[PDB]
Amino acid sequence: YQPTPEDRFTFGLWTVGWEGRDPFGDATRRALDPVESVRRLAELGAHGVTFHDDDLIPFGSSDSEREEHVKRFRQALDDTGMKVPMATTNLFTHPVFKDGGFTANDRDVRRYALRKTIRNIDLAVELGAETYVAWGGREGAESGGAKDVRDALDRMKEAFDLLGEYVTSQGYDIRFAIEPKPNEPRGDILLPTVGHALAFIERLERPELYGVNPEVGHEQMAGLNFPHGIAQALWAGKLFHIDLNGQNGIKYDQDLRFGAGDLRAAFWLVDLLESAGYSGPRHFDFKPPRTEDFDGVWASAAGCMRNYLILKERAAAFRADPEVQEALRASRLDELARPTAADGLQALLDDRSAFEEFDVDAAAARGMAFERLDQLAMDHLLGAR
């Protein structure tokens, strides 16, 4: 279960670089130089890194300082063979974004948010990023009167449309991916789930330029089934990027290493990504717990990748098992994949076997055999066949 760059594993600079500051606690680790993170991640078998503008260049840097930071980062990438497949903008840390970036009530803040984003899109393209993520963590409200949501969605659409106009005007191939989250740090965050983001994207002027970057923990913070959400995103052709970590149910965003939290959901996620042939980065957005020192940080990062590879093996074994294939037929998964009425509406209406002569009792009596199928899945996950 040793990862290599061919496995496409990526990490945010802000993940392994998390200093351990939480709402009730000060930092437990010193800041990392992005250069050292690139080196350490490469040694572990990572394929690349991702960044917020403010992770790579200290906020407020001069053009000269900016150039020097990028120069050192570029050298680390060249020294290691590491890539930068995705970037994003920090529109949440600075107090100016306390009511949002793109949907701040203050118009001047919204304009600044767009300019800050655009500047980093240029840099992202320069560093080779194919995906530009937006997490609207400050977009929302703690109280009902503070945010007219229809107005806010108008502003959100305007922002994304402008960003699409910009990339098109520069001939960039980069695409956007919205990363949903239901709450935290706002009481309620706009576009709170994969569903809400997907629906919003359909109203953008150039919908083809936008997808989702769903995070395991975030959908789980709404008690939702992450594999189900990913399936809907795939069904819509919008899984542009994936965001991997762990979470124990409905509480604050834990960002545990991937495999931690809901282990069986991680199994079914890997099963789906591999079955669907998802070809993008396998990106980790996780926090090594603040209990850890730097050795613990790298152990937690290594664990992300190891757990993906273990689950990939077990899912593949599950699907390849002739006994499982038989169980899938017993549970009529084959029938699920067949059209309900390829014969058409009129034929359906005229088909007495569909209603007038349908034996509902005989159909009802047929067990689905899902428990046997699921215990085969459990046995495969646990290596207990």
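Just count from 1 along the sequence shown to find any residue number.
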Taking the deposited Cα B-factors and averaging over 67-75 and over 108-116, the higher mean is found in 67-75
Got a sec? Mean C-alpha B-factor, which is higher, 191-199 or 79-87? 79-87
Among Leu376, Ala369, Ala363, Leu13, highest Cα B-factor in the entry goes to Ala363
Per the PDB entry, maximal CA B factor within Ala316, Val49, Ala330, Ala347: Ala347
Name the third of the chain's ranked CA B-factors that contains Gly211, choosing lowest, middle or highest. middle
Binned into thirds over the chain's modelled residues, the C-alpha B-factor of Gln170 lands in the highest
Taking the values exactly as deposited, rank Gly128 by C-alpha B-factor within its chain and report the matching third: lowest, middle or highest. highest
Ranking the modelled residues of this chain by C-alpha B-factor as given in the entry, is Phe267 in the lowest, middle or highest third? lowest
Check where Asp285 lands among this chain's C-alpha B-factors and tell me if it's the lowest, middle or highest third. lowest
